[PDB]
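Note that the numbering runs from 1 along the sequence shown for the chain.
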Amino acid sequence: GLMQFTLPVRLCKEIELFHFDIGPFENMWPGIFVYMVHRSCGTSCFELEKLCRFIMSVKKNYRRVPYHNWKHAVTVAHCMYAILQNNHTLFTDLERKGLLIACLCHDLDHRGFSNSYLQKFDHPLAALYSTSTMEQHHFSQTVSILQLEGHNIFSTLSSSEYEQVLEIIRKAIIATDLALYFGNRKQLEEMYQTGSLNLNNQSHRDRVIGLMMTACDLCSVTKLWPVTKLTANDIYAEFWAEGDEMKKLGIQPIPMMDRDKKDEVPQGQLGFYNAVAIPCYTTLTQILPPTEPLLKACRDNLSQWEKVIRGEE
Ligand SMILES: Cn1c(CCN2CCOc3ccccc3C2=O)nc2ccccc21
Ligand SMILES: [Mg+2]
Ligand SMILES: [Zn+2]
């Protein structure tokens, strides 16, 4: 009850910033997560022993893939922590509980392969979940872990509050399917610009949480350039392995996934910044002005990729 997590001074200060990198010491990531829950939610939100058992079972159900790993989980939760801390009064008690957990769980049991690859492979999960294949899986793994003995971090909630938090988590995890991001953001753009955006409308809150989930999920592009650049290596290490596996199925992969087309990476990053990232953080900044540092950091990294194409690096 009286037991705070405390971080060294440099982390205590930098963890509050959007561009914080959680560092290479894996053993400190559980502690960093608990710290963020305690400041974001309260020391009373979860029973410490249940929360610790929950975190460690989540960690175990992430795989040793180059990018969609336990470090991604905690990184995406930190971006959500920074959004929630900069927007103190906009979110409910259940939202604060649900969203950090949603972010920690959002890529549970990821194999390093896209929905497209599972569908072309004819993976059993593509028969069980026809759209948002991996995301329905990640939600299913989240419910499985919550149901392990001593892992029910929500046990003090009422039956209807429990249903509400699991519903926040489900929609938040489904929203990380980038296929769903484009339509979600277009609707949020129209709603904001015609002035119809209403944060008391649940269907509107759902849309805004979805965009937050995309923003946190993509937050590699909002880090300082040396972090962004080195993270891109891990992202492409998965895509190129998927590309190799497409070639094994007799299917030319898209260029993004073809290791023979490394030279097209700088132009592909520009497309991604211009079509996905910048528009994502722009609409987020319009709805939640204190998230502007994410857009600024994203624009700085766009300018760094432009310099790579100009052979300035
Ligand atoms: C479109 N696109 C990309 C985008 C890469 N990408 C896309 C999705 O994964 C991410 C998730 C979070 C943050 C960044 C990324 C990222 O770097 N690289 C490419 C190379 C050739 C052709 C098209 C390409
Ligand atoms: Mg995912
Ligand atoms: Zn993710």
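At distances below 3.5 Å, at least one donor-acceptor pair connects side-chain atoms of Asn152 with backbone N or O atoms of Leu146. Of the possible polar contacts, none joining the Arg185 side chain to the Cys280 backbone as a donor-acceptor pair under 3.5 Å is found. Between the side chain of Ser196 and the backbone N or O of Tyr192, no donor-acceptor pair lies under 3.5 Å. A donor-acceptor pair under 3.5 Å is formed between the side chain of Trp29 and the backbone N or O of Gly23. The backbone N or O of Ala241 sits nowhere less than 3.5 Å from a side-chain atom of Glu245 that would complete a donor-acceptor pair. Although no hydrogens or angles enter the test, the distance criterion places a donor-acceptor pair under 3.5 Å between the side chain of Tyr281 and the main chain of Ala215. The backbone N or O of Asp107 lies less than 3.5 Å from a partner atom in the side chain of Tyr62, making a donor-acceptor pair. Put simply, the side chain of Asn69 gets close to the backbone of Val65: a donor and an acceptor are under 3.5 Å apart.
With sequence neighbours excluded, no residue forms a side chain to side chain donor-acceptor pair (under 3.5 Å) with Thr231. Among residues two or more places apart in sequence or in another chain, the side chain to side chain donor-acceptor pair (under 3.5 Å) test is passed with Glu312 by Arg310. When the salt bridge (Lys or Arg N to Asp or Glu O under 4.0 Å) test is applied to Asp21, no partner is found at least two apart in sequence or on another chain. The side chain to side chain donor-acceptor pair (under 3.5 Å) search around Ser57 returns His151, not counting sequence neighbours. Residues passing the side chain to side chain contact (heavy atoms under 4.5 Å, CB included) test with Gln4 are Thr6, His38, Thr43, sequence neighbours excluded.
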Anything under 3.5 Å between a donor and an acceptor, one on a side chain of residues 116-125, the other on a protein residue two or more places apart or in another chain? List them.
| unit_1 | atom_1 | unit_2 | atom_2 | d |
| --- | --- | --- | --- | --- |
| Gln119 | NE2 | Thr133 | OG1 | 3.4 |
| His123 | ND1 | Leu125 | N | 3.0 |

Please list, one pair per line, the donor and acceptor atoms closer than 3.5 Å that link side chains of residues 293-303 to other protein atoms, with sequence neighbours excluded.
| unit_1 | atom_1 | unit_2 | atom_2 | d |
| --- | --- | --- | --- | --- |
| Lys296 | NZ | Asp300 | OD2 | 3.3 |
| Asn301 | ND2 | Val221 | O | 2.8 |
| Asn301 | ND2 | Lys223 | O | 2.8 |
| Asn301 | ND2 | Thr228 | OG1 | 3.1 |
| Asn301 | ND2 | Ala297 | O | 3.4 |

message: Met256 vs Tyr236, test: side chain to side chain contact (heavy atoms under 4.5 Å, CB included). Steps then yes/no.
response: CA-CA 8 Å; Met256 185 184 335; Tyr236 281 101; 4.3 Å; yes

- prompt: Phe154 and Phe46: ring-ring contact (aromatic ring centres under 6.0 Å, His included), yes or no, with the steps?
  reply: CA-CA 7 Å; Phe154 294 122; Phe46 302 116; 5.5 Å; yes

- request: Could you check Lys186 against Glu190 for salt bridge (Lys or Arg N to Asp or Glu O under 4.0 Å), going step by step and ending with a plain yes or no?
  value: CA-CA 6 Å; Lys186 279 158 198 137; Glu190 291 168 11; over 6 Å; no

field: Evaluation steps, salt bridge (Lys or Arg N to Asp or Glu O under 4.0 Å), between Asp109 and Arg111
entry: CA-CA 6 Å; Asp109 192 34; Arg111 321 295 173 96; 2.9 Å; yes

- request: List the steps and the verdict of side chain to side chain contact (heavy atoms under 4.5 Å, CB included) for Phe239 and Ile254.
  value: CA-CA 10 Å; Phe239 291 154; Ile254 72 192; over 6 Å; no

Residues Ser114, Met257; criterion side chain to side chain contact (heavy atoms under 4.5 Å, CB included); working and verdict: CA-CA 11 Å; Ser114 68; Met257 290 185 198; 4.2 Å; yes

- request: Tell me, with the steps shown, if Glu306 and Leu270 meet side chain to side chain contact (heavy atoms under 4.5 Å, CB included).
  value: CA-CA 7 Å; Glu306 271 156 359; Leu270 293 200; 3.9 Å; yes

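To the nearest 0.5 Å, atom CG of residue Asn86 and atom CG of residue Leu288 are 10.0 Å apart. Taking CD1 from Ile287 and CG from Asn87, the interatomic distance works out to 11.0 Å, rounded to the nearest 0.5 Å. In this structure, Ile153 CD1 and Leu48 CG are separated by 12.0 Å, a value rounded to the nearest 0.5 Å. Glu135 CD to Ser140 OG: the interatomic distance, rounded to the nearest 0.5 Å, is 13.0 Å. Distance check: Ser132 OG to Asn115 CG gives 6.5 Å after rounding to the nearest 0.5 Å. A distance of 9.5 Å separates OG1 of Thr92 from CD of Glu161, quoted to the nearest 0.5 Å.
Under the salt bridge (charged side-chain N to carboxylate O under 4.0 Å, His left out) criterion, no residue pair touches residues 226-242, with sequence neighbours excluded. The stretch residues 194-218 participates, sequence neighbours left out, in these salt bridge (charged side-chain N to carboxylate O under 4.0 Å, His left out) pairs: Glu95-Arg205, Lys171-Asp206. Among residue pairs with one or both ends in residues 68-93, those qualifying as salt bridge (charged side-chain N to carboxylate O under 4.0 Å, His left out) are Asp93-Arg96; sequence neighbours excluded. For residues 42-157, the set of pairs meeting the disulfide (SG to SG under 2.5 Å) definition, not counting sequence neighbours, comprises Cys41-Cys45. For residues 36-45, the set of pairs meeting the salt bridge (charged side-chain N to carboxylate O under 4.0 Å, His left out) definition, not counting sequence neighbours, comprises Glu16-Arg39.
Scanning both residues, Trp305 and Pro266, for their nearest heavy atoms gives CE3-CA, 4.1 Å. Taking both residues in full, the closest heavy atoms of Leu104 and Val58 are given as O-CG1, 3.7 Å, listed atom of the first, atom of the second, then distance. When all heavy atoms are compared, the tightest approach of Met36 to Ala77 is CE-C, 4.1 Å. Residues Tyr181 and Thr214 come closest through the heavy atom pair CD1-CG2, 3.5 Å. Contact between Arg53 and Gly150 at its shortest, heavy atoms only, is NH2-O, 2.9 Å.
Note on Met80 and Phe5: same hydrophobic cluster, where clusters join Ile, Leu, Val, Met, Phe, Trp and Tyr whose side-chain heavy atoms are under 4.5 Å apart, directly or indirectly. One hydrophobic cluster, built from ILVMFWY side chains closer than 4.5 Å, cannot hold both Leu166 and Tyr129; they sit in different ones. Hydrophobic clustering (side-chain heavy atoms under 4.5 Å, transitive across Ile, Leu, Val, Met, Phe, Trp, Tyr) keeps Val227 apart from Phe272. Placement of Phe33 and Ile15 within a single hydrophobic cluster is found when ILVMFWY residues are connected by side-chain heavy-atom separations under 4.5 Å, directly or transitively. Linking ILVMFWY side-chain heavy atoms closer than 4.5 Å, directly or via other members, places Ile101 and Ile209 in a single hydrophobic cluster.
Note on ring orientation: taking the six-membered ring where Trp is involved, the planes of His78 and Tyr81 are tilted (angle from 30° to 60°).
Counting only N and O atoms by type, the side chains of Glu189 and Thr283 include a donor and acceptor under 3.5 Å apart.
Exactly one residue among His106, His138, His110 makes a ring pair (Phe, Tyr, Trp, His ring centres under 6.0 Å) with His72. That residue is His106.
Crowding of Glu163 atom CD: a count of heavy atoms from other residues, nucleotides or ligands under 6.0 Å not exceeding 12.
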